[PDB]
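In what follows, a structure is listed as structure tokens, so that the remarks can point back to it.
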Amino acid sequence: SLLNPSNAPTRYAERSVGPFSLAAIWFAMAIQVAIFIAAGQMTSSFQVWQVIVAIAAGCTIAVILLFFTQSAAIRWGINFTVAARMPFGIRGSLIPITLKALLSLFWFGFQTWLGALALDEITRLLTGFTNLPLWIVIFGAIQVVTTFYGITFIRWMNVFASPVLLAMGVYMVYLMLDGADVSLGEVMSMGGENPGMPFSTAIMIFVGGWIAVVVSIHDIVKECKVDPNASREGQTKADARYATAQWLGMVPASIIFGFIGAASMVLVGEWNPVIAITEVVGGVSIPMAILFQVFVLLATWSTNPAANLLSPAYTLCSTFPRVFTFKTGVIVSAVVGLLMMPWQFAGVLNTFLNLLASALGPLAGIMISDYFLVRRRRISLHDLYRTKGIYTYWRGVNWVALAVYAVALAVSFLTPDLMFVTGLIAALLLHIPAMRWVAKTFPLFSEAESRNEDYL
Ligand SMILES: O=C1NC(=O)[C@H](Cc2ccc3ccccc3c2)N1
Ligand code: NA
């Protein structure tokens with residue numbers, strides 16, 4: 001048995017996140033520095049209004065993906081790490097999951113840094129003392145301890161941050177536009193003086209930013225409110241009410257702040273609003289500076305933990321269930337995370353990570369197909385928590401599922417500017433024949449699937 005109280009399905013009575021609450025989780029989660037960089041550098045190839053469109057479109061495809069990747073986590077309360085055991089082996093799943101726990105772990109050390117940068121700036125703007133590594137650890141530590149309260153903290157931190165973050169941001173837009181003496185409509189077309197990038201590849205950059213989060217949204221949405229006694233059609237609207245809720249959460253947030261990064265590039269040549277606003281206004285008081293850094297800190301705290309630390313935690317305590325618990329996996333994830341010192345390799349590896357990211361397309365494709373198409377939403381929680389059962393396949397690993405991944409990754413390369421969507425579509429389509437083959441050797445269903453509700 002692989003079950004322990006932390007990696008256990010989340011019982012109907014334990015659920016705490018409704019449709020309104022999830023948007024407030026996503027809105028603040030979308031407000032973060034790394035879109036500034038992304039949306040800023042985009043002004044090199046397109047003008048601001050198209051980037052906003054590349055953002056809304058890229059935001060929506062992520063949501064179209066969420067409607068599907070979230071449906072199993074909401075209904076059955078299960079892990080990401082646990083759920084992968086289905087198509088890949090119980091152990092074979094550890095391969096893509098290790099790729100993914102790694103991305104996630106990377107992103108955690110990047111934002112701890114940006115956060116650290118903020119706190120260190122707040123302090124050195126009060127004392128000239130300027131030690132970052134100490135502020136790194138201390139920040140890593142602070143998140144973990146607030147992460148100990150799992151989704152309970154996250155949901156509360158984000159409902160109060162959201163309007164504040166929304167307000168600090170709308171304010172920011174006023175300050176830029178005013179101090180430069182420019183209307184909104186004027187800034188909306190100032191970019192794109194170096195065309196070359198396909199607009200599809202533009203859209204693919206905003207999707208693929210949240211590719212880690214969306215492919216493993218599970219770790220968030222297993223906490224969502226569900227009515228166990230719905231139907232096919234009430235379950236679909238439930239899924240849809242949530243997918244819509246995630247849309248209303250990540251779109252208006254990342255559009256306002258995407259625009260700020262782009263505006264920054266376009267007004268002063270820097271994606272970083274700290275620089276661009278400082279200039280345009282010609283310096284600012286130490287208070288109003290510290291604020292901005294508080295923004296960065298508030299903007300980092302509402303995104304890093306929930307998106308980057310939750311999922312390796314659950315990966316640890318659920319693969320080594322007697323070795324790790326949720327709280328200890330969190331400590332081990334933030335430590336592994338920081339000891340990768342990713343803030344000195346983000347510059348370099350940029351193009352490399354975009355590859356690893358869009359190579360999760362088959363993972364999402366194989367997972368959507370396994371649960372929805374092959375098995376028809378009919379799963380056995382019982383077997384997911386046991387070393388030997390219908391999800392063990394060949395001695396813990398489903399090599400045929402690992403084959404579809406490779407194959408789909410290859411085919412993915414035939415369309416570099418649409419890589420992600422072809423490999424998913426390829427894996428999705430290939431899992432079907434691959435699984436109708438494996439079903440001749442191993443069973444796709446189990447008797448024990450009637451104990452499902454016991455877990456809930
Ligand atoms: O899963 C994740 N955890 C994270 O910290 C990042 C956040 C992120 C980074 C870059 C982006 C670039 C373009 C659009 C969205 C982006 C989002 N992703
Ligand atoms: Na945030």
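Scheme for the structure tokens: letters A, B, ... for chains in order shown; per-chain residue numbers from 1; ligand numbers from 1 in order shown.
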
Residues contacting ligand 1 - anything with an atom at most 9 Å away, using only C-alpha atoms and all ligand atoms - can you give me those as JSON, numbers by chain?
{"A": [29, 30, 32, 33, 34, 35, 36, 37, 38, 39, 55, 58, 59, 103, 104, 105, 106, 107, 108, 109, 110, 111, 205, 206, 207, 208, 209, 210, 211, 212, 213, 214, 254, 258, 300, 303, 304, 305, 306, 307, 308]}

Item to complete: Tell me which protein, DNA and RNA residues are within 10 Å of residue A:411, counting only C-alpha atoms, leaving out same-chain ones fewer than 2 positions away, and put them as a PyMOL selection string.
Response: chain A and resi 406-409+413-416+419+422-427

Between atom CA of residue A:446 and atom CA of residue A:5 lies a distance of 23.3 Å

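Comparing A:234, A:115, A:283, A:179 by their smallest distance to ligand 2, the closest is A:115 (using only C-alpha atoms and all ligand atoms).
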
* **Residues flagged alpha helix (DSSP H) by DSSP in stretch 26-228 of chain A, as a PyMOL selection string** => chain A and resi 26-30+33-41+48-69+71-76+80-83+94-127+132-147+150-180+184-187+199-207+211-215+218-221

Pairwise distance, atom CA of residue A:350 with atom CA of residue A:42, equals 14.5 Å

Among A:281, A:8, A:374, A:116, residue A:137 is approached most closely, using only C-alpha atoms, by A:116

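Atom CA of residue A:243 to atom CA of residue A:63 spans 6.1 Å [interatomic distance, one decimal].
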
Leaving out residue A:296 and any residue of its chain fewer than 4 positions from it, which residues lie within 12 Å of it when counting only C-alpha atoms, given as a ChimeraX atom specification? /A:28,31-34,36,111-122,161,165,168-169,272-274,289-292,300-304

Once you have the residues from the selection above, write them out as an mmCIF file, in the first residue's frame, restricted to N, CA and C atoms.
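See out04.cif below for the written result:
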```cif
data_model
loop_
_atom_site.group_PDB
_atom_site.id
_atom_site.type_symbol
_atom_site.label_atom_id
_atom_site.label_comp_id
_atom_site.auth_asym_id
_atom_site.auth_seq_id
_atom_site.Cartn_x
_atom_site.Cartn_y
_atom_site.Cartn_z
ATOM 1 N N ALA A 28 -4.507 36.357 -8.435
ATOM 2 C CA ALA A 28 -3.307 36.789 -7.743
ATOM 3 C C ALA A 28 -2.131 35.916 -8.196
ATOM 4 N N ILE A 31 -0.638 37.447 -11.326
ATOM 5 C CA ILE A 31 0.135 38.651 -11.053
ATOM 6 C C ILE A 31 1.530 38.328 -10.521
ATOM 7 N N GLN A 32 2.524 38.411 -11.396
ATOM 8 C CA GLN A 32 3.889 38.020 -11.066
ATOM 9 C C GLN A 32 4.898 38.602 -12.052
ATOM 10 N N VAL A 33 6.141 38.731 -11.604
ATOM 11 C CA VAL A 33 7.171 39.402 -12.384
ATOM 12 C C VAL A 33 7.391 38.784 -13.762
ATOM 13 N N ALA A 34 7.501 37.465 -13.831
ATOM 14 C CA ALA A 34 7.873 36.784 -15.074
ATOM 15 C C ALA A 34 6.969 37.038 -16.291
ATOM 16 N N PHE A 36 6.022 40.199 -16.932
ATOM 17 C CA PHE A 36 6.620 41.458 -17.342
ATOM 18 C C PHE A 36 7.698 41.185 -18.374
ATOM 19 N N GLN A 111 11.469 32.443 -8.457
ATOM 20 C CA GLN A 111 10.655 33.448 -7.770
ATOM 21 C C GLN A 111 11.081 33.721 -6.322
ATOM 22 N N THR A 112 11.699 32.747 -5.654
ATOM 23 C CA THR A 112 12.184 33.008 -4.299
ATOM 24 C C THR A 112 13.237 34.104 -4.418
ATOM 25 N N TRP A 113 14.015 34.014 -5.490
ATOM 26 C CA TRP A 113 15.011 35.012 -5.829
ATOM 27 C C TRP A 113 14.426 36.392 -6.078
ATOM 28 N N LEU A 114 13.440 36.474 -6.970
ATOM 29 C CA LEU A 114 12.799 37.754 -7.263
ATOM 30 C C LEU A 114 12.212 38.363 -5.988
ATOM 31 N N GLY A 115 11.591 37.506 -5.180
ATOM 32 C CA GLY A 115 11.045 37.892 -3.893
ATOM 33 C C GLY A 115 12.113 38.427 -2.965
ATOM 34 N N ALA A 116 13.218 37.686 -2.924
ATOM 35 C CA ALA A 116 14.400 38.008 -2.133
ATOM 36 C C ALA A 116 14.974 39.339 -2.563
ATOM 37 N N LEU A 117 15.044 39.517 -3.877
ATOM 38 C CA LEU A 117 15.504 40.758 -4.476
ATOM 39 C C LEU A 117 14.676 41.891 -3.876
ATOM 40 N N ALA A 118 13.370 41.647 -3.744
ATOM 41 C CA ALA A 118 12.446 42.663 -3.255
ATOM 42 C C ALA A 118 12.746 42.986 -1.793
ATOM 43 N N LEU A 119 12.805 41.962 -0.944
ATOM 44 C CA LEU A 119 13.011 42.206 0.480
ATOM 45 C C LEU A 119 14.365 42.851 0.716
ATOM 46 N N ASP A 120 15.349 42.447 -0.082
ATOM 47 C CA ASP A 120 16.694 42.978 0.059
ATOM 48 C C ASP A 120 16.719 44.436 -0.345
ATOM 49 N N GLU A 121 15.978 44.764 -1.398
ATOM 50 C CA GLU A 121 15.797 46.160 -1.768
ATOM 51 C C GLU A 121 15.069 46.952 -0.697
ATOM 52 N N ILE A 122 14.041 46.376 -0.083
ATOM 53 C CA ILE A 122 13.350 47.097 0.978
ATOM 54 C C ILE A 122 14.312 47.424 2.116
ATOM 55 N N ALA A 161 -4.947 39.603 -1.076
ATOM 56 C CA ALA A 161 -3.991 40.191 -2.010
ATOM 57 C C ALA A 161 -4.629 40.683 -3.311
ATOM 58 N N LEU A 165 -3.429 43.820 -5.013
ATOM 59 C CA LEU A 165 -2.649 43.643 -6.230
ATOM 60 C C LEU A 165 -3.311 44.282 -7.457
ATOM 61 N N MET A 168 -2.858 48.156 -6.755
ATOM 62 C CA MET A 168 -1.473 48.577 -6.991
ATOM 63 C C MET A 168 -1.121 48.630 -8.485
ATOM 64 N N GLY A 169 -1.748 47.751 -9.266
ATOM 65 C CA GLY A 169 -1.491 47.633 -10.691
ATOM 66 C C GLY A 169 -2.196 48.642 -11.578
ATOM 67 N N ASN A 272 11.136 45.877 -16.765
ATOM 68 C CA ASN A 272 11.023 46.074 -15.341
ATOM 69 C C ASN A 272 10.411 47.436 -15.045
ATOM 70 N N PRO A 273 9.215 47.428 -14.438
ATOM 71 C CA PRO A 273 8.433 48.626 -14.112
ATOM 72 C C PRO A 273 9.153 49.512 -13.095
ATOM 73 N N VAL A 274 10.014 48.917 -12.267
ATOM 74 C CA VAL A 274 10.820 49.685 -11.317
ATOM 75 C C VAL A 274 11.617 50.745 -12.054
ATOM 76 N N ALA A 289 8.965 53.774 -2.985
ATOM 77 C CA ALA A 289 9.818 52.743 -3.569
ATOM 78 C C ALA A 289 9.613 51.397 -2.881
ATOM 79 N N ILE A 290 9.907 51.393 -1.586
ATOM 80 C CA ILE A 290 9.585 50.308 -0.672
ATOM 81 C C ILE A 290 8.221 49.646 -0.940
ATOM 82 N N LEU A 291 7.174 50.458 -1.103
ATOM 83 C CA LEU A 291 5.870 49.997 -1.602
ATOM 84 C C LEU A 291 5.994 49.049 -2.786
ATOM 85 N N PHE A 292 6.563 49.562 -3.869
ATOM 86 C CA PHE A 292 6.764 48.813 -5.103
ATOM 87 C C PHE A 292 7.412 47.456 -4.800
ATOM 88 N N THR A 300 4.859 38.005 -5.543
ATOM 89 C CA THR A 300 5.580 36.746 -5.623
ATOM 90 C C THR A 300 4.919 35.703 -4.692
ATOM 91 N N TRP A 301 4.451 36.168 -3.533
ATOM 92 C CA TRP A 301 3.866 35.300 -2.512
ATOM 93 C C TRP A 301 2.546 34.712 -2.979
ATOM 94 N N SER A 302 1.857 35.420 -3.861
ATOM 95 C CA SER A 302 0.569 34.935 -4.323
ATOM 96 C C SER A 302 0.707 33.965 -5.490
ATOM 97 N N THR A 303 1.934 33.771 -5.973
ATOM 98 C CA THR A 303 2.137 32.897 -7.126
ATOM 99 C C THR A 303 3.079 31.727 -6.845
ATOM 100 N N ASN A 304 4.285 31.993 -6.351
ATOM 101 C CA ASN A 304 5.233 30.902 -6.111
ATOM 102 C C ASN A 304 4.754 29.642 -5.358
#
```

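Proximity of A:204, A:266, A:341, A:164 to ligand 2, computed with only C-alpha atoms and all ligand atoms, is greatest for A:164.
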
Excluding residue A:229 and any residue of its chain fewer than 3 positions from it, enumerate the residues within 12 Å of it, using only C-alpha atoms, and give them as JSON, numbers by chain. {"A": [12, 75, 226, 232, 233, 234, 235, 238, 453]}

One residue among A:22, A:316, A:184, A:166 is nearest to residue A:94 when using only C-alpha atoms, and that residue is A:316

Of A:131, A:354, A:162, A:183, the one sitting nearest ligand 2 when using only C-alpha atoms and all ligand atoms is A:162

Practice problem: Tell me, as number ranges by chain, which residues lie within 9 Å of residue A:447, counting only C-alpha atoms; anything in the same chain fewer than 3 positions away does not count. | Solution: A: 380, 450-451

Output of the above residues as a PDB file, in the first residue's frame, restricted to N, CA and C atoms:
```pdb
ATOM      1  N   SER A 380     -10.411   3.396 -10.585  1.00  0.00           N
ATOM      2  CA  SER A 380     -10.322   2.639  -9.336  1.00  0.00           C
ATOM      3  C   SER A 380      -9.303   3.223  -8.358  1.00  0.00           C
ATOM      4  N   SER A 450     -15.583  -0.165  -6.782  1.00  0.00           N
ATOM      5  CA  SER A 450     -16.829   0.112  -6.074  1.00  0.00           C
ATOM      6  C   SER A 450     -16.562   0.680  -4.676  1.00  0.00           C
ATOM      7  N   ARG A 451     -15.323   0.530  -4.208  1.00  0.00           N
ATOM      8  CA  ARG A 451     -14.878   1.116  -2.941  1.00  0.00           C
ATOM      9  C   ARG A 451     -14.485   2.575  -3.081  1.00  0.00           C
TER      10      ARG A 451
END
```

For residue A:197, the closest of A:78, A:340, A:366, A:51 counting only C-alpha atoms is A:51
